[PDB]
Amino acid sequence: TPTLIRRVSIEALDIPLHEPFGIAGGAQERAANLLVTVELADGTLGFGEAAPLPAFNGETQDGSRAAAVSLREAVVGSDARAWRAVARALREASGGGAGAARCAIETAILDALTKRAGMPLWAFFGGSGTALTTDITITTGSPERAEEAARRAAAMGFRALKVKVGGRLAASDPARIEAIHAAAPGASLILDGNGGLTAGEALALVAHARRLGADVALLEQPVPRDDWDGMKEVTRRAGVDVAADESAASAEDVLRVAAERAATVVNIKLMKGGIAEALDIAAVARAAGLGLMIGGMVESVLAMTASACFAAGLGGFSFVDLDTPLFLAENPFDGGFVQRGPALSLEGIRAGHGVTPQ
């Protein structure tokens, strides 16, 4: 059987970070990710990315590697056509953990499966469209640096801006939103708390934004997941859409998020629990009445093209937050999406997710 999985290889994917559009970078961070290569018995190669992020859920580069080395056995000798069974077997074999290693494996599998079929991964997911419009992140920091980044972004076509708020440097938030809004007044704002706010603090921030004139399109995970009360409060009161990220870790979370009104939008990420889980979270969310958002960790072109294919294929996504390749200094890959400012195009992808290592 030409689809049996023959080998799973794992190597470093260390990709330097820079600030988009020229600006002064600083101390030089790197995205410490992994490239997973799945090889079928007929020689087909599929490709996936593990982008673990410690600050999001404690997963790490070496930990993901050790994870995939372990899962390797449970995958080798299985049929790639049995993709959902393998994803199940991966889940059982990791105790439900190690979401980024499993994501890399499932992506590599589906990439191999669809590319040998002559099929684009966007079509596999449904091909509702091939075009997305992404937001771009305004990196935390000065009121004056946020001004300049809002300015540059607007200059390259970006009309939707995701602004990190709270936590470290939170006293500056009001000034930041001031400067960003005055710099890019035509621009839409996503206020992303990453669980860093009290309910009261997030309300005051939205209220200040709107009194300025800013179109606040969305308030993202303002309070921590365990603050169900804060999530319900903010959703009830904000008068804008509120997104669950941490509060939407499973399909069972989105039923709860729906039934309690803890948010109106779900941020879905492939890296969190893999493609099988993410496909279920999206159907439950759409059934339950909530808006759909596609996101990611700090991902190269490979993992983001994959997310793009999922979102474009499934259709019906209101928010797209897939800007991470703009923050990368190098690109070790051929193919993938085509970007024109916020405009993302998958028209050109004809086989799997179309990304291949140079």
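Numbering starts at 1 and runs along the sequence shown.
- Between 247-255 and 122-130, the higher mean Cα B-factor belongs to 247-255.
- Between 341-349 and 20-28, it is 20-28 that carries the larger average Cα temperature factor according to the deposited entry.
- Highest C-alpha temperature factor among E106, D241, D280, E148, as the PDB entry reports it: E148.
- Residues shown: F310, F56, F47, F317. Highest C-alpha temperature factor in the entry: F56.
- Remark: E299 belongs to the lowest third of its chain, ranked by C-alpha B-factor as recorded.
- Ranked within its chain, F158 lands in the middle third, by CA B factor from the PDB record.
- Among the modelled residues of its chain, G230 has a C-alpha B-factor that falls in the middle third, as given in the PDB entry.
- Sorting the modelled residues of the chain by their CA temperature factor places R88 in the middle third.
- The entry lists a Cα temperature factor for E260 that places it in the middle third of the chain's modelled residues.
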